[PDB]
């Protein structure tokens, strides 16, 4: 409900240039979310790199990354809780995985 | 609900200000497989609560939200029915996910 | 559940308004490998009863809650049947998970 | 099993409403590792019985219950067949642990 | 001028540095674990001890006591006048001199010059962030391994109770035994800032003495004379009702102008034999080392002055500087 | 003024409440032994009651507590925010100086009021009455004792011992100097009963000085005579003036010391110099 | 002087290298987990330790202390005089000498020429990118296996609690509302018998790392930018820096703890060329593991010269029986 783009903006920081942090493994794991448990594990792995990007963005004259709000985490948690079917789990995972590759204007 | 308070407390161990970066406890809680590992990781995380309480006034930040006895005394028996690691990993990742959220720790 | 009563007493000795800060015994109880170590830690924690009895009134606080003699029986019978390090460590960590909780004492 | 009467007797010299507060015997009971010093400690603790008996009527409360001679005798054959120190000190620390509780010594 | 003192002293029927029961009426001596060789391998024993903080504070007390009589005694903090152990607590940014004039804490040199409280025993002011390493270092006071070898236990401690509603009986623990001690005084930086210990005017090392050199000599002699009420009894706590029965048994002291190795603690049984080498070879390397020995024979080949008391030791050390 | 006394007394029928561990000489390996002893607190209480007794007869002996009059030397206990004088007047427990000017017992023996947190270190320090090694070696009774009178701060608060009127160290006296002298004289005279239920002093060494001096070595040890004679003959050269008095003990030659024949004349000589 | 020394020391009643505690009333000695066989399956146990960073910093302190006296001691960084452990800041481009001069942070040859501590301990300039591998490497200080295994428990640490007393001008303790700067300040105190295996590859001192060896005519030569007398003085200071290391001048809390120190035993090897790193003394049988590492090393063509203190090291091995530590340093510096 609008938080997919919010978390995708943060996820895109792990693939774009001007960051030197090419963590394709976490993006692939989130995109390959077979079940909810390891989908949450992939999201946690993506969030573990938040301090690195947050502190290194100011070291290169770039705005700090838009770390998702706790409301976004609550939305993700409640979406995962009611989902026990891989049918919609696949499309849900791909939804936030696809936003990783986008032409975001992180550094002007 | 019983996860947001503990996650709020956990987010205090890694953030701007509050100069105590302890990624080891978060990593142990998230990567815990059995009940004992999760319990000891939670104990390690809560061991730093007096440090956060002392550091709150040392920097002018509002006092940290120490988890109430109720949520922990419910979480303990919430843990003590999980015979499979699959249902424990989801609980651990849910516990450790909030540690990297944009909380207003020091407004 | 027979542990929160003794957990409150355990938390009485590592919180403010009581000026004890005996982290050593709490860490010993939590980081217990053999049952003898856990028994020694619990003995050390329970040793500081008389010091905290009359000091609470001198600091204008309600008397602290010693665990009832009934629960020592249950603790002993549980530790007798727990010999494997796994369950013993689980019990030891669960004893002091909320030692640093936010119990409301001395209002 | 012959463990609560001795605990009551040990508590009777540490609990309130008394005057003889000798922490030495209860401390040495916990810190025991060989047969001879443990027997010396228990005998020294038992030799405080006459003073407690003579001071019991000083307050009017019922006199303390001295452990029965059979209970004392059982300890000899209960400790004489223990050789390892791990089990020898378990009873030693249990005796001291049973001294601290929150019952009533005498109304 | 650097000096190291060590040896063995008989603390008989003392109560120094008790753990303290606070509210409760049990007073116990502090306990520490030490390792002893025995015969079947290393064994750990819990023994009474006196922490180095106790000895350091008492040496500070003696230093103030013997620095009051010096005509340069105005250069003391107000806290040091009442033997207030704290140097600069958290929160404050100024010091109260003995005269009464306030002393700023924005620089190390001004603190060093204005007051002698922080010069000898160091200081820390967290508000302004100033720090100065203490020039006096003391170790624990442990029973010597020789004594613990043939004491074979019995806890080395006896509890005695005292009386006085306001009527309670409180029991305190008393210890005994031949203990070992060692103190180090690196009194070469007295009156010298840590930030700029040298000046290098004509491209040569020059000590950066910021105070009057006669005042520096007075401070040094007072600091060494502070050892006078250390081996006489004024050490530890509960001096009102205990007053430890004190007598120095063995003493070794080394003094020098340049940096020298720390002499081995007297706790070990065979510290004399190690000291013989650590002193003879140290002099062989080319260190100007003066040796004073009380009630100990370290053999020949060493120009060690055989002495009879403690005050001659400080007298010789003072006349050496 | 600083005075230190160490000696031996032949005591019989001790008055403990209390044996403690003591390490005897036993050159063939140190060993410990339990021997009866008199606690230091009992010595301090005896000195306190003697001081009160000899201070009551003083014309200035009005600045005393009701507790001291009945010899109940409990001093200040928990929960007491005020004290009662000898004449019945009350005194407030909020400062050292205001207590000093009206409480003689709280001055010479120190005090502690926990309710207001006011502390004053005792000016008299006592050690145990231990049986000397010289006696214990032949038994396998003679007793050794040491007493310290740090009367240099009588009537001087610890908060502001010096004033610095124009940058000189001066004794900050908050009482009448004549009253301070009388208090010191009474404290010195308080040793008359301390050396007099059938014990008679055998050997005794006392030292007095206006400036601080190292504590005299305890008379417990067998070799205390040589240690103390070395102490005196050695510390006289450091630059301190020490008056040494002996009781039937000779420190040797090339040393000046008055040979007293009784304790009362010892106290007379000690008080006549102040 | 590729000198390697390892041995057992009886560290009793120390508090070196605490955990800081963030400034609260409880601070604990740092602990690490080590593996022991116990003859019934390898098990890991958590015990106090001294991190190698502390040992290296104290070696640097000893080095500058014994290098100031040498007349060649002018070439020292200004921050090094105050025993500041830092070498170069994150974003600083210049350095300050003792006399107050300015040293650039490019062409590290001149940096090691004009600076002493940065030459022998290495440095790092993030801006320019200069770097230099430390010529002194130290290992952890851990309780030995034979001791850690025979105690069978025995937590060692005692946690003595000693607090500050504060009195105002009215002799009042005070309360929390007035502050009075009172804290209980509990500290951990440990004991035991430990081992150390510090090494010193001092043969590379005064040589830039970019061109360690120069070629005049198809022949190697050391690139000694500094004067040979300066190199000898630096080597002598580095060797003598071990004197206030095996005497009780290591760790922290020296003003209150000052560990009761004694070297139980030690073995050192100097040699001239690259040689095997001596095994740590933490293991129980290291002496045997050393008796088979120097007896046969001399057979391969290494001019190993070994000094030993309280270790037999066989009889067929030509080992110099040193009686103390500083004369071991004298023997080491005899060969400069």
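Protein chains in written order, with the authors' numbering: chain E, 2 to 109; chain F, 3 to 109; chain G, 3 to 109; chain H, 3 to 109; chain N, 1 to 164, 180 to 336; chain O, 1 to 17, 30 to 152, 192 to 247, 259 to 336; chain M, 1 to 336. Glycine included, C-beta positions come from ideal geometry on N, C-alpha and C.
Threshold first: 4 residues or longer. Then list the alpha helix (DSSP H) segments lying entirely within the region 14-91 of chain E, N to C.
25-32, 37-49, 51-58, 71-82
Can you tell me whether DSSP reads residue 201/M as helix, strand or coil?
Position 201 of the seventh chain, counting from 1, holds the residue named residue 201/M. Residue state, collapsed to three classes: strand.
Given a limit of 7 Å on CB to CB distance, which residues of the region 26-56 of chain G reach chain N?
52, 53, 56
Reduced DSSP secondary structure (H/G/I, E/B, other) of residue 309/M
In the seventh chain, residue 309/M corresponds to position 309, counting from 1. Reduced to three states, the DSSP call for residue 309/M is strand.
With H, G and I counted as helix, E and B as strand and the rest as coil, what does DSSP make of residue 94/F?
As a position in the second chain, residue 94/F is number 92, starting the count at 1. Helix.
Going by beta-carbon coordinates alone, are residue 74/O and residue 98/O separated by less than 8 Å?
If you number the sixth chain from 1, residue 74/O lands on position 62. If you number the sixth chain from 1, residue 98/O lands on position 86. The answer is yes: Cβ separation under 8 Å.
Taking a cut of 9 Å between CB atoms, which residues from the region 152-182 of chain M lie near chain O?
167, 168, 169, 170, 171, 172, 173, 174, 175
Would you list, in chain order, the members of the region 77-91 of chain M that have their beta-carbon closer than 9 Å to a beta-carbon of chain G?
none
Check the C-beta distance from residue 300/N over to residue 2/N and give it rounded, since I have them as a contact under 8 Å.
Working through the fifth chain from its first residue, we reach residue 300/N at position 285. Working through the fifth chain from its first residue, we reach residue 2/N at position 2. Not confirmed; about 15 Å, so no contact.
Residue interval of the alpha helix (DSSP H) (run including residue 184/N):
The residue you call residue 184/N lines up with position 169 of the fifth chain. Unbroken run through residue 184/N: none, as it is neither H nor E.
Nearest to residue 197/N by CA position, among 25/N, 21/N, 245/N, is which residue?
Here the question's residue 197/N lines up with position 182 in the fifth chain. It is 245/N.
What residue range does the alpha helix (DSSP H) around residue 147/N cover?
By 1-based counting over the fifth chain, the position of residue 147/N is 147. Unbroken alpha helix (DSSP H) run through residue 147/N: 145-151.
Return helix, strand or coil for residue 208/N, following the three-state DSSP convention.
Taking the fifth chain and counting its residues from 1, one reaches residue 208/N at position 193. In the structure shown, residue 208/N sits in coil (DSSP, three-state: anything other than H, G, I, E or B).
Output the distance between the C-alpha atoms of residue 44/G and residue 80/N, rounded to the nearest integer angstrom.
For the purposes of this step, residue 44/G is identified with residue 42 of the third chain, where counting begins at 1. For the purposes of this step, residue 80/N is identified with residue 80 of the fifth chain, where counting begins at 1. The alpha-carbon atoms of residue 44/G and residue 80/N are separated by roughly 43 Å.
Quick one: which chain F residues come within Cβ less than 8 Å of residue 92/G?
Here residue 92/G refers to the residue found at position 90 of the third chain. Those are 37, 38, 41, listed as they occur along chain F.
Residues bridged to residue 269/O (per DSSP):
Here residue 269/O is taken as the residue at index 207 of the sixth chain, counted from 1. BP columns for residue 269/O point to 4/O, 306/O.
Hey, is the region 201-220 of chain N in contact with the region 51-69 of chain N, meaning 3+ C-beta pairs nearer than 8 Å?
no
Nearest to residue 209/N (by Cα), restricted to the options 218/N, 224/N, 216/N:
Residue mapping note: residue 209/N aligns to position 194 of the fifth chain, counting from 1. Minimum Cα distance to residue 209/N is reached at 224/N.
I'd like to confirm the pairing. Which residues does DSSP put opposite residue 38/O in its beta bridges?
Along the sixth chain, read from residue 1 onward, the residue named residue 38/O stands at position 26. Answer by DSSP bridge pairing: none, since residue 38/O is not bridged.
Contact defined as beta carbons within less than 8 Å: I believe residue 194/M pairs with residue 157/M. What is the distance between those atoms, to the nearest angstrom?
Within the seventh chain, residue 194/M is the residue found at index 194, counting from 1. Within the seventh chain, residue 157/M is the residue found at index 157, counting from 1. Contact flag wrong, Cβ pair sits at about 14 Å.
Continuous beta strand (DSSP E) stretch holding residue 96/O: start and end:
Stepping through the sixth chain from its first residue, residue 96/O is reached at position 84. Unbroken beta strand (DSSP E) run through residue 96/O: 94-96.
Which chain O residues sit within Cβ distance under 7 Å of residue 254/N?
Translated into positions along the fifth chain, residue 254/N becomes position 239. Per Cβ cutoff of 7 Å: 137.
Put residue 131/N into one of helix, strand or coil per three-state DSSP.
Position 131 of the fifth chain, counting from 1, holds the residue named residue 131/N. Correct three-state label for residue 131/N: strand.
Anticipated Cβ contact below 8 Å, residue 52/N with residue 138/N, distance rounded
Translated into positions along the fifth chain, residue 52/N becomes position 52. Translated into positions along the fifth chain, residue 138/N becomes position 138. About 4 Å; that satisfies the 8 Å criterion.
What residues in the region 72-90 of chain G have a beta carbon less than 7 Å from any beta carbon of chain F?
88
Proximal residues of chain G, C-beta to C-beta of residue 189/M below 8 Å
The count along the seventh chain starts at 1 and reaches residue 189/M at position 189. Going along chain G, no residue has its Cβ under 8 Å from residue 189/M, so there is no contact; the nearest lies around 12 Å.
Taking one C-beta from the region 250-267 of chain M and one from the region 112-128 of chain M each time, how about it: are there three or more such pairs within less than 8 Å?
no
Taking contact to mean at least 3 C-beta pairs separated by less than 8 Å, is the region 323-336 of chain O in contact with the region 9-20 of chain F?
no
Tell me, please, whether the CB atom of residue 184/M is closer than 8 Å to any CB atom in chain N?
Taking the seventh chain and counting its residues from 1, one reaches residue 184/M at position 184. No, no contact with chain N.
Between the C-alpha atoms of residue 14/O and residue 45/O, what's the straight-line distance to the nearest angstrom?
Locating residue 14/O in the sixth chain gives position 14, where the first residue counts as 1. Locating residue 45/O in the sixth chain gives position 33, where the first residue counts as 1. Roughly 18 Å between the two C-alpha positions.
Leaving out the 5 sequence neighbours to the left and right, which residues in its chain are closer than 7 Å to residue 91/N when beta-carbon positions are compared?
Numbered from its first residue, the fifth chain carries residue 91/N at position 91. So the qualifying residues of the chain are 127.
What's the call for residue 312/O, buried or exposed, on a 16-neighbour Cβ count within 10 Å?
On the sixth chain, residue 312/O is found 250 positions in, with the first residue counted as 1. Residue 312/O is exposed by the Cβ-count criterion.
Express the C-alpha separation of residue 229/M and residue 12/N in angstroms, rounding to a whole number.
Mapped onto the fifth chain, residue 12/N falls at position 12. Mapped onto the seventh chain, residue 229/M falls at position 229. Roughly 57 Å separates the two Cα atoms.
Identify which residue in 72/G, 104/G, 82/G, 103/G has its Cα closest to the Cα of residue 38/G.
Translated into positions along the third chain, residue 38/G becomes position 36. Minimum Cα distance to residue 38/G is reached at 82/G.
Closer than 7 Å by beta-carbon distance: list the chain O residues that pair up with residue 249/N, in chain order.
Locating residue 249/N in the fifth chain gives position 234, counting from the first residue. Result: 277.
Have a look at residue 106/M and residue 83/M and give me their C-alpha separation to the nearest angstrom.
As a position in the seventh chain, residue 106/M is number 106, starting the count at 1. As a position in the seventh chain, residue 83/M is number 83, starting the count at 1. If you take the alpha carbons of residue 106/M and residue 83/M, they lie about 24 Å apart.
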